[PDB]
């Protein structure tokens, strides 16, 4: 029952010290939709169901889909070497687009620019400053620069910005009204990130988390977007239902590797897909069934390592799936 569901999920969230918005869908029907704690404590603004949160690394699933759309259009191939798009790279030149999508490259960018740069200069800074580790080639190892460099390929091949691509193929395509780029401001129902102590569980809101324009620009392709929980579910479900990309091409994209569950910008699990993001005081979590009909989205503006939301979403999803 929805009464049962409401009591059980609210208890799980309360015991885990949840701050943010929670959405639970079963067989295409919303069965739980509630918010907890504060979007901004100093202004006495409560989080709401349609509050906007950082999707963080979950954005990489969307960058991946963009690449695979270009594959279907005949404009790139997953076998392409990175040097085809970045001809001044010194090392790792043989690395394929497939490996970039699967976090099986030896690339790592230690830091982005401290300056606020436009997209083309963010891309150039990465290509000039990335390190290459031959012993990490072909083995799962999480490295965000892979997806920033994928965002640069979208820009190069299309002749338009990544923001323009994202706006066209996600925001406009799916009529998203609670989604955008953090650099331009969140608008109504904005949230503020909070900084926690290592062992903190109870929220206290005594320290806000800054993010610079530089930090937001440097998350090109990788964690620069805000969404409501509804908008995030709409996107991920639309992917798996084959509304953005044929189901044949989703199947190609979303394939695990020999060394990891990660493939095509998501974790390919035993019972659907998972994506997790952390950064800037925020945490994001989605678990979704393979057919896109049943899942859980939690997003928080008050990340606490001692009260992580992914574990909570995992518990909810496991119960949901039986």
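Positions refer to the first chain, counted from 1.
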property: 210 to 218 set against 85 to 93, stretch whose average Cα temperature factor tops the other in the entry; result: 210 to 218
property: Mean Cα B-factor comparison, 172 to 180 or 227 to 235, giving the higher one as deposited; result: 172 to 180
property: Top Cα B factor in the deposited entry, candidates 249, 201, 99, 163; result: 201
property: Highest recorded Cα temperature factor - choice among 147, 205, 125, 140; result: 205
property: Record-listed C-alpha B factor of residue 52: chain third; result: middle
property: Ranked C-alpha temperature factor of residue 314 among modelled chain residues, by third; result: highest
property: Third assignment of residue 19 from its chain's C-alpha B-factors; result: middle
property: Third of chain Cα B-factors occupied by residue 151; result: lowest
property: CA B-factor placement of residue 42, once the chain's modelled residues are sorted into thirds; result: highest
